[PDB]
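First comes the structure, then the notes that go with it.
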Amino acid sequence: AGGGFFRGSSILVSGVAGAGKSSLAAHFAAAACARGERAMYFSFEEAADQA
Amino acid sequence: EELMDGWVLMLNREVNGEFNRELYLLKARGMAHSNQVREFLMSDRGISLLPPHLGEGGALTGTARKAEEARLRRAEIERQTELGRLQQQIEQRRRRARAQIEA
Amino acid sequence: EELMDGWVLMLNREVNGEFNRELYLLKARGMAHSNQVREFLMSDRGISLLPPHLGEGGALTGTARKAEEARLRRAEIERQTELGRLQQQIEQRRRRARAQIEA
Amino acid sequence: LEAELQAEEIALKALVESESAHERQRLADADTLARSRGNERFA
Ligand SMILES: Nc1ncnc2c1ncn2[C@@H]1O[C@H](COP(=O)(O)OP(=O)(O)OP(=O)(O)O)[C@@H](O)[C@H]1O
Ligand SMILES: [Mg+2]
């Protein structure tokens, strides 16, 4: 309800390897960027080009 | 997790000799949300959730869903055949009745 | 595993009093891949995957797959026999009808 | 008797039509499962 999670909240994405947690995080970041807002994606697992 | 406002769990389960993807909101503070384990399927267009499962035995997913749909179609079709055969039977009885009346 | 780009899991399961081999790609970064637990069988020619399981109850593997195929063949054959017997029955009714007409 | 014969003819034709329809539906369901578990989605 409401169209999405409340702004400024902490959102956890849990799952086993290969579930799609990184895909969902990338979706969030891209959606935020498409609206003209800034976004940061701290990655401790992959390089920028590989991602 | 003790602090998180929202929780999204993504599952990749092995059932019926094949792997199916699903996701659900374990908790969403300060709002009401769906309580369904919505199966999704990632593709070039992005992440896309399949239409909600309708009918009894909603746990079925993947090939099992198509198999259940086919089984339902077959059974309901044969029930229709049952009713049609009974109607034809009454057809036959009425034909003899009024032909006898004609004689 | 936290870093691996691709993951291939090989299973050697004991089911139905016998061991069957299978393998599946747990994850393959940056591409779409099959989500089926493909049973394979190693031999002199090398590693060879069996044709995909078709039909309901795909979990069946090894001797169980052949048994299921045989059961399906038997049941569908007997359904054919059902339909043939009904056709022969209508055969008989029509024969009496037109023989009576001849008299 | 001729009325009986015509009824029987209708019954035979219903038998053929419905049986062929079952054939068609079985083929369609088999194809659907074949895609659902097929690798042709990629090549
Ligand atoms: N074009 C595509 N079509 C279908 N599935 C795809 C496609 N591209 C990627 N995938 C799926 O995405 C999966 C990887 O998703 P993702 O990287 O978001 O997972 P993850 O949970 O972050 O993984 P990890 O534990 O490795 O960090 C691949 O295993 C593949 O199954
Ligand atoms: Mg990742």
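Taken in order, these protein sequences are the chains called A, B, C and D.
First residue of the first sequence? That's 258 in the authors' numbering, and the numbers climb one at a time after it.
First residue of the second sequence? That's 413 in the authors' numbering, and the numbers climb one at a time after it.
First residue of the third sequence? That's 413 in the authors' numbering, and the numbers climb one at a time after it.
First residue of the fourth sequence? That's 516 in the authors' numbering, and the numbers climb one at a time after it.
Even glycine gets a Cβ: it sits at the ideal position worked out from N, Cα and C.
Pairing B:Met-454 with A:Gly-272 gives a Cβ-Cβ distance that is not under 8 Å. Taking 8 Å as the upper bound for CB-CB distance, B:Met-443 and A:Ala-289 are not in contact here, some 20 Å apart. Exposure of D:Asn-554 is indicated by the presence of fewer than 16 other C-beta atoms within 10 angstroms of its C-beta. Distance from B:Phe-452 to B:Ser-446 at the Cβ level is roughly 13 Å; contact not present, criterion being Cβ atoms closer than 8 Å. Judged by DSSP secondary structure, C:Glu-488 falls within the alpha helix (DSSP H) whose first and last residues are 475 to 514. Closest option to B:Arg-441, judged by alpha-carbon separation, among A:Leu-269, A:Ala-296, A:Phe-285: A:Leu-269.
DSSP, reduced to helix, strand and coil, places B:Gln-448 outside both helices and strands of the structure shown, so it counts as coil. Put simply, the backbone Cα of D:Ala-549 is about 42 Å away from that of A:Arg-292.
Residues are counted here when their Cβ sits less than 9 Å from a Cβ of chain A; for the stretch 414 to 427 of chain C these are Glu-414, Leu-415, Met-416, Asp-417, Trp-419, given in chain order. Interface criterion not met: the Cβ of C:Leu-435 is under 8 Å from no Cβ in chain A.
Checking the 7 Å criterion, the Cβ of C:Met-454 is out of range of every heavy atom belonging to ligand 1.
Closest in C-alpha terms to B:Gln-448, from the list B:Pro-464, B:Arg-433, B:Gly-458, comes B:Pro-464.
In terms of CA proximity to C:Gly-429, C:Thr-473 leads the group C:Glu-414, C:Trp-419, C:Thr-493, C:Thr-473. Less than 8 Å divides the Cβ of B:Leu-415 from the Cβ of A:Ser-267. Per DSSP, A:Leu-281 lies in no beta strand (DSSP E); the unbroken alpha helix (DSSP H) holding it starts and ends at 278 to 291. Three or more Cβ pairs drawn from the stretch 494 to 510 of chain C and the stretch 517 to 528 of chain D lie within less than 8 Å of each other, which places the two stretches in contact.
Its chain contains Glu-451, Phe-452, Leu-453 as the residues whose beta carbon lies nearer than 7 Å to that of B:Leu-462, once the 5 sequence neighbours on both sides are disregarded; these appear in chain order. B:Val-420 sits buried, since 16 or more C-beta atoms from the chains shown fall within 10 Å of its C-beta. Residue-level contact check: C:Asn-447 touches chain B, since one or more beta carbons of chain B fall below 8 Å from its beta carbon.
Taking 8 Å as the upper bound for CB-CB distance, B:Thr-475 and C:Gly-418 are not in contact here, some 25 Å apart.
Cβ contact annotation for A:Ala-282 (same chain, cutoff 8 Å, sequence separation greater than five): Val-270, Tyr-298, in chain order.
Shortest gap from the CB of A:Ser-279 to any heavy atom of ligand 1: under 7 Å.
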